[PDB]
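The next block holds one structure in the form of structure tokens; read it before the comments.
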Amino acid sequence: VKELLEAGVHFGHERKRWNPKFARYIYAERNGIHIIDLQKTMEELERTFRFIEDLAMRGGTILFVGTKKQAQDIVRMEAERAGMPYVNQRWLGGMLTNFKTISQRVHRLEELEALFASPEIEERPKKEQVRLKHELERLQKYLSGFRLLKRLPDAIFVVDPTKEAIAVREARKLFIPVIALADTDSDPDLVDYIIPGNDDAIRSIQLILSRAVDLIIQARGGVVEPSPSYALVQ
RNA sequence: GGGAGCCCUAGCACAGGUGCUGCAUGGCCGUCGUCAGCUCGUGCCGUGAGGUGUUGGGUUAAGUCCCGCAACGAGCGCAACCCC
Ligand SMILES: [Mg+2]
Ligand SMILES: [Mg+2]
Ligand SMILES: [Mg+2]
Ligand SMILES: [Mg+2]
Ligand SMILES: [Mg+2]
Ligand SMILES: [Mg+2]
Ligand SMILES: [Mg+2]
Ligand SMILES: [Mg+2]
Ligand SMILES: [Mg+2]
Ligand SMILES: [Mg+2]
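The first sequence lines up with residues 7 to 240 when you count with the deposited numbering.
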């Protein structure tokens with residue numbers, strides 16, 4: 007739960023497709039790439055991790071949203087490590103603003119797996135058997151850890167604001183605090199708690215969600231060890 | 001001398017009408033068409049009528065199934081359940 011000269015190589019990123027609104031968090035245009043104000047990344051982190059502490063203490067959940075493939079797997083472990091839910095494959099229209107209706111898909115998954123521990127997987131025609139077993143396929147594929155959500159989450163952790171911007175918009179419309187791993191292509195003001203790092207490159211990404219989940223466990227009550235991911239990021 | 005009932009005149013209340021209106025109508029039928037379509041709930045977009053979903057790419061006899069996607073689903077159809 008720290009590291010400051012964990013610039014490592016995960017400080018600055020992105021070329022000139024910036025959101026000029028991200029101007030404060032930049033250090034220079036070192037050869038076609040804005041590099042991120044190192045200090046600010048650490049002090050925004052201060053007020054940020056602070057936020058997340060009180061969330062684990064009060065016993066609420068954080069929905070980890072990362073769809074970007076260069077961060078996809080990482081989300082799965084760190085979100086499984088902590089109890090919290092994750093949206094991993096792709097983000098659906100109304101996971102939040104339509105959160106009731108979307109949860110029928112959860113009502114079915116949990117209940118369709120109950121078909122697969124019964125005598126009725128031998129019963130039922132195979133007209134149903136083929137359809138109703140490759141339907142369970144897809145369900146577990148998108149809601150592999152949305153099903154953990156039983157109500158709207160107290161906050162939400164996105165790894166790319168720009169890319170998962172439908173996720174962001176939904177959060178706001180329901181007044182759900184946005185934590186985000188952001189960099190130069192994003193609108194910082196659209197985000198409540200910003201870690202101005204860089205949405206792409208696993209060396210960042212995982213470092214952040216490691217230390218974040220470290221802190222979540224550390225503050226919930228468990229004080230643990232290295233992660234399932236770590237330097238298993240190639 | 002009256003009475004129930006049945007056959008009966010003479011008047012009543014009504015019957016009956018394949019007389020009109022199929023644009024006053026129900027019912028049933030023809031037809032586009034056994035064509036693959038027509039909608040809904042909630043969400044999202046839009047001042048609004050409305051839109052998205054139902055568009056895109058592949059496939060099928062088929063909105064048939066697949067991939068994808070601000071949508072996630074569902075109903076009436078298709079298919080199947082019936083017969084030869
Ligand atoms: Mg990006
Ligand atoms: Mg008459
Ligand atoms: Mg008629
Ligand atoms: Mg047909
Ligand atoms: Mg015919
Ligand atoms: Mg307009
Ligand atoms: Mg409106
Ligand atoms: Mg259309
Ligand atoms: Mg198509
Ligand atoms: Mg169909």
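The C-beta atom is built at its ideal place from N, Cα and C for all residues, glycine as well.
Apart from the 5 residues on each side of it in sequence, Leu61 sits with its Cβ closer than 7 Å to the Cβ of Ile68, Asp160 and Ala161 in its chain, given in chain order. Between the segment 181-201 and the segment 13-22 there are three or more inter-stretch CB-CB distances shorter than 8 Å, so the stretches are counted as touching. Closest in alpha carbon position to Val184, among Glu84, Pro125, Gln135 and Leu102, is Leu102.
Inter-residue distance for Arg157 and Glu119 is about 21 Å (C-alpha atoms, whole angstroms). Only residues of its own chain outside the window of five on either side were considered, and among them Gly72 and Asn94 have a CB closer than 7 Å to the CB of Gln78, listed in chain order.
Taking the Cα positions, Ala177 is about 32 Å away from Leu11. Between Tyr236 and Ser210, the alpha-carbon positions lie close to 11 Å from each other. In this structure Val15 does not touch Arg217 by the C-beta definition: roughly 16 Å separates them, more than the 8 Å allowed. Taking a contact as a CB-CB distance under 8 Å, the pair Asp220 and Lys74 does not count as one, their CB atoms being some 22 Å apart.
For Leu154, the secondary structure class from DSSP, reduced to helix, strand or coil, is coil.
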